[PDB]
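Heads up, what comes next is one protein chain in two forms, each shown on its own as structure tokens, labelled structure 1 and structure 2.
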Structure 1
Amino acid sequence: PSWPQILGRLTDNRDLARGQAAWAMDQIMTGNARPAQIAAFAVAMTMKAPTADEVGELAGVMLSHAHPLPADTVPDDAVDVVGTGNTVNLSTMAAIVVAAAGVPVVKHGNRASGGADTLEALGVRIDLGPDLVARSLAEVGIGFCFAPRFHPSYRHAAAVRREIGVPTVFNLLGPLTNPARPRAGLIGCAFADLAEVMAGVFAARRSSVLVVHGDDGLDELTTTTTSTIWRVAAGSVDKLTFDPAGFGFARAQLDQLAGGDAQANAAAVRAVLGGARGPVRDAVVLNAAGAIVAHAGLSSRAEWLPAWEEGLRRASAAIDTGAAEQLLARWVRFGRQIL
């Protein structure tokens, strides 16, 4: 195995042999890959079109280098709510709403607005060690794994990612390398082909996940139009077309849903959790419900439609009853009380 061999195979538009993606990622994680080699691999893998097996090797090697949460501190029904990339506004709000509905949530991200930035603008302490993320989950029902603290060996790839800027297969790794390893979640992707790849990876993990792609390009469930959902459970995938109009959701415009910077997002979080109505609320409710449906897929034998009706009810209620606003405040309170 070597870079000329692996890079050559990719530029020739061939899928890699089993273990080659893993070899490449291990070189990258151990500081043995030159920045040029990392970049070449990232780009070549992207333009070749990665397979689920390849991405599975990349994520798997990365996790083998990550710091875990302490034993028996992550509830086995914890969920993730995130997109691959911007809808940080939607995913941040959805995550808070899901937690306020009684579902444990553990997120994973970094400062870019990134997921971490919006949370910091709300007064949340994002940079916590494993022991305290665990406490946060137990005491608040939500936690955040700061990527630099849990994936320190990813620093070389991270530097290259910043330098080239363009999205690559590495953008898919965030959701697939949550160090808390939640077994469920709502995972958005901006590209349909890659969404399907991600669903394949989650399937092999026996997770209960909704991998979602707005047919308008959104890396969340959209209200602008239909969405494609890759419904993942019991080692298999159920691909379907999803229309929120069937749940009474008005059609919105794309410019209404797009996130902004950390402060603009924070302002939007405060307004929505305060009860402000509009397209942004609807999108948050929609994706929160999606996460709740995924959560139900773990234990409940509840069917698709009734699961959604209950998920939408619980999401809306988490906002309307002030539970979400109250949970965020409790989350901020927790970080301040650590000192």
Structure 2
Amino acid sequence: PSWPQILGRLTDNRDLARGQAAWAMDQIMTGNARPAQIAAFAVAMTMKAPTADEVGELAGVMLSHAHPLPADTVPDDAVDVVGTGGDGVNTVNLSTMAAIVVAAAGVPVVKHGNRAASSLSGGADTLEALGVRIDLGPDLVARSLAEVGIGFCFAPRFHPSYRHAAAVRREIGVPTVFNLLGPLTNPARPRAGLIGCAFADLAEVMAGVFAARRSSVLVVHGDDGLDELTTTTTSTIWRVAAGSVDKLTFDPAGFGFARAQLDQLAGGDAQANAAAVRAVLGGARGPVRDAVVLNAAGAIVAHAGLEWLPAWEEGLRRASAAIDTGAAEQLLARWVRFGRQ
């Protein structure tokens, strides 16, 4: 195998042979790839139209190189709540707020996260601002999960060999297939999740990767462009269960949610988004809460997939009570306290 062989095949608009995508990604992760080669591969893989098999090979190499958590430290029903980012809408941190609520409802959460790429404050940035430690290693994340009910895996910390690739990506700016890999490479390997995809035409491929792993996942894309379940309009959901994918459209109005305007979900810097978290967890009613409760419920539905309508109802009930009882506010405080010890 070689770069001229693989790049040539891609520029011929042909799918790769089995193992070729993995070879390429392994060359990239081990530092044996030139930036020009990394870039050529990223762009070519994107314009050919990647397959689930191919993207799965990429994610697989990353996970084969990632720092794992210790054995028997991640509950079999742990869930992730994370998105690709890149929706260019710059919102409050919906996945992170949902994650907290979900944990507070008693679903174990091992969250994969990262700083912002284009937004003002990403999940990792806002958690930082809240006083939550984002620098924890495998053992401490494992302890966080057991002691608090939530663990945060900071992507750069668990995927050190990915730096070469990430660098090239910033240099070229355009989204590529690599923009899918974040959600697909949680190092704790949870089997369930609510997974945001900003790219409507690649979400199905992402779902395909999760199906192959037999995860219970909702891959979500808001029809307004959000890599979240949105409240401003309908969302597209690729529901992954029993190794199968099926495309659905979801309308929150069916569950009594009023439509919101995108500006109502708008975020700011880390201090502002941190304030927004506290407000929701503090019981503030409004569009931000509604969006949080919806995405939380979605994660719980994914967890249950390990009955659609009853599952959503139960999820909305549980997510709302987790906030109203103070359990979610208390969990964030305990999470902060955990790191300070």
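Residues are numbered by position in structure 1's sequence, first residue being 1. So that the term is clear: the rigid core is the largest set of C-alpha atoms that superpose within 1.5 Å between two forms.
Residue showing a CA shift of 2 Å or more between the two structures (rigid core superposed; candidates 267, 245, 258, 234): 258. Once both forms are fitted on their rigid core, the CA atom of residue 330 lies less than 2 Å apart between the two structures. With the core held fixed between the two structures, residue 164 has its Cα displaced by at least 2 Å. Positional change of residue 10 between the two structures reaches 2 Å or more at the C-alpha, relative to the superposed core. Once the two forms are overlaid on the core, residue 148 shows a Cα shift of 2.2 Å between the two structures.
Core-based superposition between the two structures puts the Cα shift at residue 132 at 0.8 Å. Here the rigid core is superposed, and residue 36 then shows its C-alpha moved by 1.4 angstrom between the two structures.
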